[PDB]
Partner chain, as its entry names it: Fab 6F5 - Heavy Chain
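Next up is one chain by itself, shown in C-alpha coordinates, the form deposited without its partner chain.
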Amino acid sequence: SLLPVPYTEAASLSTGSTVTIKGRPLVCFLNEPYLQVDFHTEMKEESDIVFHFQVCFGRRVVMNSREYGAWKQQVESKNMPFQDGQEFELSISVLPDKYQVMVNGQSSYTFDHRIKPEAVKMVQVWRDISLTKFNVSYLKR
(Lines give C-alpha, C1' and ligand atoms only; values in the text may rest on other atoms or scores of the structure.)
Protein backbone atom coordinates (compact mmCIF):
# COMPACT_ATOMS: atom_id res chain seq x y z
CA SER A 1 0.00 0.00 0.00
CA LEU A 2 1.59 3.23 1.27
CA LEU A 3 5.25 2.32 0.69
CA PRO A 4 6.68 0.25 -2.19
CA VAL A 5 7.96 -3.29 -1.58
CA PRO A 6 10.79 -4.22 -1.80
CA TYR A 7 11.40 -1.16 0.35
CA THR A 8 14.94 0.16 0.72
CA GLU A 9 16.16 3.03 2.87
CA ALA A 10 19.63 4.33 3.69
CA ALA A 11 20.20 4.13 7.43
CA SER A 12 22.67 4.63 10.26
CA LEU A 13 22.48 2.57 13.43
CA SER A 14 24.12 2.70 16.84
CA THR A 15 23.21 1.75 20.40
CA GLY A 16 19.81 3.21 21.24
CA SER A 17 18.55 3.22 17.65
CA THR A 18 15.13 1.73 16.91
CA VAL A 19 13.67 0.60 13.59
CA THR A 20 9.89 0.46 13.52
CA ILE A 21 8.03 -1.34 10.77
CA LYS A 22 4.26 -1.39 10.33
CA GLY A 23 2.57 -3.66 7.81
CA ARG A 24 0.44 -6.72 7.14
CA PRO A 25 0.73 -10.08 5.33
CA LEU A 26 -0.63 -10.10 1.76
CA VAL A 27 -2.29 -13.53 2.16
CA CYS A 28 -3.58 -15.77 4.98
CA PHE A 29 -1.12 -17.80 7.06
CA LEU A 30 -2.40 -21.00 5.48
CA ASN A 31 -0.59 -20.03 2.27
CA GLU A 32 2.67 -19.40 4.16
CA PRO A 33 3.52 -15.79 3.34
CA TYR A 34 7.01 -14.45 4.21
CA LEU A 35 8.42 -11.21 5.63
CA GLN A 36 12.12 -10.37 5.42
CA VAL A 37 14.16 -7.52 6.93
CA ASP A 38 17.85 -7.25 6.04
CA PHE A 39 20.35 -4.75 7.46
CA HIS A 40 23.00 -4.27 4.75
CA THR A 41 26.56 -2.93 4.89
CA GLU A 42 26.18 -1.15 1.50
CA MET A 43 23.37 0.43 -0.53
CA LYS A 44 23.39 -2.58 -2.89
CA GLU A 45 21.31 -5.76 -2.39
CA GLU A 46 24.28 -8.05 -2.98
CA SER A 47 26.20 -6.49 -0.10
CA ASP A 48 26.76 -8.27 3.21
CA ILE A 49 24.00 -8.59 5.77
CA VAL A 50 24.70 -7.67 9.40
CA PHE A 51 21.28 -8.88 10.51
CA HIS A 52 18.91 -11.04 8.43
CA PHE A 53 15.42 -11.50 9.90
CA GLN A 54 13.02 -13.76 7.99
CA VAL A 55 9.52 -14.69 9.07
CA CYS A 56 7.53 -17.58 7.61
CA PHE A 57 4.17 -16.56 9.07
CA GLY A 58 2.63 -19.28 11.16
CA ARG A 59 5.73 -21.47 10.86
CA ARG A 60 9.10 -20.17 12.05
CA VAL A 61 11.57 -17.30 12.22
CA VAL A 62 15.15 -17.52 10.98
CA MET A 63 17.97 -15.10 11.78
CA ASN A 64 21.49 -15.00 10.37
CA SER A 65 24.12 -12.79 8.76
CA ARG A 66 25.81 -12.94 5.38
CA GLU A 67 29.50 -12.15 5.74
CA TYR A 68 31.81 -11.80 2.77
CA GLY A 69 29.10 -13.35 0.63
CA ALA A 70 28.58 -16.33 2.94
CA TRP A 71 25.65 -17.14 5.22
CA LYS A 72 26.79 -17.93 8.76
CA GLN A 73 25.27 -19.88 11.62
CA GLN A 74 21.51 -19.69 11.21
CA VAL A 75 19.36 -19.23 14.32
CA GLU A 76 15.81 -20.60 14.30
CA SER A 77 12.86 -19.75 16.53
CA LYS A 78 9.36 -21.24 16.68
CA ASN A 79 8.02 -18.30 18.67
CA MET A 80 5.16 -16.87 16.60
CA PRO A 81 3.47 -13.75 18.05
CA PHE A 82 2.14 -12.63 14.65
CA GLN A 83 -1.63 -12.87 14.08
CA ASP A 84 -3.26 -14.19 10.89
CA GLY A 85 -4.65 -11.43 8.69
CA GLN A 86 -3.60 -8.73 11.15
CA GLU A 87 -1.54 -5.57 10.86
CA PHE A 88 1.66 -5.90 12.87
CA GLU A 89 4.08 -3.49 14.50
CA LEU A 90 7.65 -4.74 14.44
CA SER A 91 10.35 -2.79 16.28
CA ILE A 92 14.03 -3.65 16.28
CA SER A 93 16.09 -1.98 19.00
CA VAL A 94 19.89 -1.80 18.97
CA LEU A 95 21.21 -2.70 22.42
CA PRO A 96 24.95 -2.72 23.21
CA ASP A 97 25.14 -6.51 23.06
CA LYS A 98 22.39 -7.36 20.61
CA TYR A 99 19.21 -6.57 18.71
CA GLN A 100 15.93 -6.97 20.56
CA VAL A 101 12.86 -7.57 18.38
CA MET A 102 9.42 -6.60 19.64
CA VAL A 103 6.25 -7.72 17.89
CA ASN A 104 3.19 -5.68 18.78
CA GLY A 105 4.96 -4.46 21.89
CA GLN A 106 6.12 -7.84 23.15
CA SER A 107 9.76 -8.97 23.32
CA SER A 108 9.96 -11.94 20.94
CA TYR A 109 13.53 -12.38 19.68
CA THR A 110 17.07 -11.21 20.31
CA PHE A 111 20.21 -11.59 18.19
CA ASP A 112 23.75 -11.01 19.45
CA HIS A 113 25.72 -8.65 17.23
CA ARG A 114 28.12 -10.49 14.92
CA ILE A 115 29.21 -7.27 13.23
CA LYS A 116 29.04 -3.84 14.85
CA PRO A 117 25.72 -2.05 14.12
CA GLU A 118 27.72 0.92 12.81
CA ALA A 119 28.53 -1.10 9.68
CA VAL A 120 24.89 -0.92 8.52
CA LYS A 121 24.19 1.52 5.71
CA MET A 122 20.86 0.32 4.36
CA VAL A 123 17.74 -1.56 5.45
CA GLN A 124 15.55 -3.53 3.05
CA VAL A 125 12.09 -4.82 3.90
CA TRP A 126 10.49 -7.25 1.50
CA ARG A 127 8.57 -10.42 0.59
CA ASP A 128 4.82 -10.94 1.07
CA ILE A 129 3.64 -7.84 2.92
CA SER A 130 2.12 -4.42 2.35
CA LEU A 131 4.11 -1.72 4.15
CA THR A 132 2.40 1.20 5.83
CA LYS A 133 5.17 2.64 8.00
CA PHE A 134 8.96 2.56 8.17
CA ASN A 135 10.90 4.63 10.67
CA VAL A 136 14.46 4.74 12.02
CA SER A 137 15.03 6.67 15.25
CA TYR A 138 17.93 9.16 14.98
CA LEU A 139 17.48 10.83 18.40
CA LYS A 140 20.71 9.67 20.08
CA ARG A 141 24.34 10.54 19.29
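Residue numbers count along the first chain shown, from 1.
The discussion below concerns the form solved in complex with its partner chain, not included here.
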{"property": "Contact flag, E67 vs its partner chain in the deposited complex, heavy atom cut 4.5 Å", "result": "yes"}
{"property": "Its partner chain contact in the deposited complex: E87, any heavy atom under 4.5 Å", "result": "no"}
{"property": "In the deposited complex, residues of 1-18 near its partner chain [heavy atom within 4.5 Å]", "result": "none"}
